[PDB]
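# Architecture at a glance
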Amino acid sequence: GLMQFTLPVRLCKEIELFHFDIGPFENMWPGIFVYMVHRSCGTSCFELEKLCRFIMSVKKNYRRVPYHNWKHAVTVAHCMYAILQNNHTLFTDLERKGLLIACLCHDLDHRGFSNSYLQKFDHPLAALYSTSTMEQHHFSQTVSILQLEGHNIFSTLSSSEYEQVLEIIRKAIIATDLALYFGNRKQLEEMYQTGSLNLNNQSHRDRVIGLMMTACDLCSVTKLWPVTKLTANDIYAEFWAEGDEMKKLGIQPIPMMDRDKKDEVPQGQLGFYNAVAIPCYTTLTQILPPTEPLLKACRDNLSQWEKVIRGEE
Ligand SMILES: COc1c(C)cnc(CSc2nc3ccc4ncsc4c3[nH]2)c1C
Ligand SMILES: [Mg+2]
Ligand SMILES: [Zn+2]
């Protein structure tokens with residue numbers, strides 16, 4: 001009960017900054033997550049015995065893929081940690097509990113393949129879940145792990161609070177489907193500008209949490225340039241493998257997934273920052289002003305990709 005996690009001084013300080021990288025020491029990632037749960041939520045939110053057993057079952061159910069791996073899970077949870085800490089009063093106790101767990105679980109059992117590849121392959125999961133195929137799977141895997149003996153970290157919630165938290169997690173994980181992000185941000189953009197946005201309206205909160213989930217999921221673009229650049233190698237390693245598998249089905253992949261079009265990556269990154277990233281962190285910064293450091297970091301990284309094209313790197 002009086003057992004805190006503590007981190008080395010550099011980590012204790014840098015973990016509070018949006019641009020923190022969790023490092024290459026896999027064995028420290030669980031403690032980093034527990035540390036974030038303790039400061040964000042409380043040392044009492046979860047029985048440490050059950051939390052530790054939950055964390056290790058979730059870790060085991062991530063696969064050895066270049067990008068959608070256990071490192072990504074903890075990275076996305078840290079970005080959520082930094083949002084929640086810079087917005088102390090805006091979130092309920094149930095939301096702070098649910099959203100870190102949601103982030104840890106959001107890509108459970110990812111195979112390194114998009115919803116599109118599953119549908120064109122005719123993968124069984126595409127028959128079970130017609131839209132947001134992998135994301136419904138991710139939530140399914142979350143429920144399964146919560147129902148293992150000794151793994152139910154929510155056991156001390158009332159029946160209504162248990163139902164509310166699972167519904168927060170479900171919406172949070174579904175929202176990480178990028179196909180849904182575009183319309184969600186447009187709606188939030190309209191609501192903010194016409195002044196109709198109301199954080200006591202549950203359907204409005206849901207939308208805001210959706211956008212926080214996209215922001216954390218894409219947080220690779222908000223790190224320092226060398227982290228952003230080296231993460232992009234992992235992202236394209238998965239995409240180019242999918243492109244190879246499209247060619248095996250006799251389908252030309254989109255250029256993003258065709259390794260024969262490596263040369264156009266810098267131009268592709270520009271489209272992506274302008275169409276997805278910058279819009280995401282701009283609407284988020286309008287709704288939650290203390291998340292501005294994410295928008296600033298994203299714009300710095302857009303400038304670095306502009307420099308790559310102009311042959312300065
Ligand atoms: C996971 O989201 C991402 C992150 C964080 C960073 N980068 C990307 C890739 S964006 C991207 N869009 C395009 C369009 C054409 C194209 N031709 C050759 S590479 C390439 C692209 N890369 C994604 C999808
Ligand atoms: Mg995902
Ligand atoms: Zn993800």
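The paragraphs below set out a description of the structure included in this document.

If you tally the helices and strands in the protein, you get 14 helices and zero strands. Taking 2.2 N^0.38 as the reference for a compact globule, 313 residues should give roughly 20 Å; the C-alpha atoms of the protein span a radius of gyration of 19 Å, in line with that estimate. Summarising its shape, the C-alpha atoms of the protein cover approximately 55 × 45 × 40 Å along the three principal directions. Across the 313 residues that make up the protein, the buried fraction comes to 52%. Within the protein, contacts between residues separated by at least 24 positions form 71% of all contacts whose residues are at least 6 apart in sequence. For the protein, the exposed area adds up to about 15,100 Å²; of that, 54% sits on carbon and sulfur atoms. Across the protein, 31 positive and 35 negative side-chain charges occur, with their mean positions spaced 2 Å apart.

Another aspect to go through is the state of the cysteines. Evaluation of the coordinates by the stated rule reveals one disulfide. The thiol sulfur of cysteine 52 is not disulfide-bonded, and the nearest other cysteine sulfur, from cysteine 45, lies at 14 Å. Given a relative accessible area of 31%, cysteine 52 falls into the partly exposed group. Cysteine 298 takes part in no disulfide bond, and the closest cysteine sulfur to it belongs to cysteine 280, at a distance of 8.3 Å. According to the relative accessible area criterion, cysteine 298 is buried, its value standing at 0%.

For the rest of this paragraph, the subject is the coordination of the zinc ion (ligand 3). Bound to the zinc ion (ligand 3) on the protein side are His72 (NE2), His106 (NE2), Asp107 (OD) and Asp217 (OD), at distances that span 2.1 to 2.2 Å. One can describe the site at the zinc ion (ligand 3) as irregular: its four donor atoms subtend angles covering 85 to 170° at the metal. The sequence motif formed by the donor residues of the zinc ion (ligand 3) is H-x33-H-D-x109-D. Taking the relative accessible area as the measure of exposure, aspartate 107 reaches 6% and is therefore buried.

On to helix α14 (residues 292-309). Taking 1.5 Å per residue as the helical rise, α14 with its 18 residues ought to reach 26 Å, and the 27 Å between its terminal C-alpha atoms agrees with that figure. Of the positions making up α14, those classed as buried are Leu294, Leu295, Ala297, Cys298, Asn301, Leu302, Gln304, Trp305 and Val308. On its buried face, α14 is in contact with α4 (70-85), α12 (225-248) and α13 (265-287). One or two positions beyond α14, positive phi appears at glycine 311, with a value near 70°.

Between its terminal C-alpha atoms helix α8 (residues 133-146) stretches 21 Å, which fits the 20 Å expected from 14 residues at 1.5 Å a residue. Where burial is concerned, most of α8 is hidden: 10 out of the 14 residues are buried. Buried within α8 we find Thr133, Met134, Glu135, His137, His138, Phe139, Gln141, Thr142, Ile145 and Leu146. Its buried side turned inward, α8 meets α3 (48-60), α5 (93-105), α6 (115-121), α7 (124-128) and α9 (159-175).

All right, on to the packing of aromatic side chains then. A complete count under the given rule lists 10 aromatic pairs for this structure. Aromatic pair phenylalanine 113 and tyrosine 117: ring centres 4.7 Å apart, planes at 35°, arrangement tilted. Accessibility expressed as a relative area gives 6% for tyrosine 117, which makes it buried. An aromatic cluster is built from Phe46, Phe154 and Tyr162, whose rings are joined through pairwise contacts.

Further remarks concern the side chain of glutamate 135. Tracing the backbone through its elements, the reader meets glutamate 135 in helix α8. Despite its burial, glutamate 135 pairs with no opposite charge; the closest candidate is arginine 170, at 12 Å N-O. Beyond its immediate chain neighbours, meaning those up to four positions away, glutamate 135 contacts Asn115, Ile173, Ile174, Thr176 and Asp177.

Procedures and definitions
Residues numbered from 1 in each chain as written, not as in the entry; some residues may be left out. Chains lettered and ligands numbered in written order. Heavy atoms only, no water. Helix = DSSP H or I, 4+ residues; strand = E, 2+ residues; numbered from the N terminus. Rg over C-alpha atoms; globule rule 2.2 N^0.38 Å. Buried < 20%, exposed > 50% of the residue type's maximum accessible area, 1.4 Å probe, protein only. Contact = heavy atoms within 4.5 Å. Areas by Shrake-Rupley, 256 points an atom, 1.4 Å probe, with all protein chains shown as cover. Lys, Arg positive; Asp, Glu negative; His and termini not counted. Charge placed at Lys NZ, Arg CZ, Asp CG, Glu CD. Disulfide = S-S within 2.5 Å. Donors = N, O, S within 2.8 Å, 3.2 Å for Na, K, Ca; no water. Tetrahedral: all angles 85-135°; square planar, octahedral: opposite > 155°, others 65-115°. Expected span 1.5 Å × (residues − 1). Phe/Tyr/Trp six-rings, centres within 6.5 Å; stacked < 30°, edge-to-face > 60°. Salt bridge = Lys/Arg side-chain N within 4 Å of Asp/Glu carboxyl O.

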